[PDB]
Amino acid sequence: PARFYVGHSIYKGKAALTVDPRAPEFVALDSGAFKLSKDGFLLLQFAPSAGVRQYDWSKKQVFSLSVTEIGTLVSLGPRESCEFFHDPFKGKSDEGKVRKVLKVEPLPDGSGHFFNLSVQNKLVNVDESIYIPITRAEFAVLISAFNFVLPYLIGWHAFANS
């Protein structure tokens, strides 16, 4: 029953990014076995700076990277760009009112990358965009982490008990 908070953070002049792994969900079967019913994912939390070495997490914006989206990121060319579009209320009533776009791209003339999260949310009147540049080494740690975590998110470390 041990529970771990192991967010990985990158702190820059104007913004911070925290990446938190989230476990898959399971359903109990009639037989007493468990079936994976939802994949794990990574929760990305972006916040603006508010003073030297501080960030305002009350103004955070979040974006969930799915297993397939992680697939995109680990298979990217060294200088390939990508973009992901989420409506958090697809298939619900509030559909269309919250729009989130995550861009991940190489930095211009540089060896690092940026992450940018824009969120337009009409339910709470928020229109926000947080940009954060990452060094090559920082990106390499992310990619190492993403590659490592993928099989765990789909539960494959957990077959083969016995």
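When you see a residue number, it is the position in the sequence shown, counting from 1.
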Please compare 123-131 with 39-47 and name the stretch with the higher mean C-alpha B-factor in the deposited structure. 123-131
Once you work out the mean C-alpha B-factor for both 70-78 and 87-95 from the entry, which is higher? 87-95
Criterion, highest CA B-factor; candidates, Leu65, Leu102, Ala33, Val62: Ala33
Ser118 CA temperature factor, ranked by third within the chain: middle
Against its chain's modelled residues, does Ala137's Cα B factor rank lowest, middle or highest third? lowest
Using the B-factors in the PDB entry, rank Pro106's C-alpha atom against the chain and give the third, lowest, middle or highest. lowest
When the modelled residues of the chain are sorted by Cα temperature factor, does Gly155 land in the lowest, middle or highest third? lowest
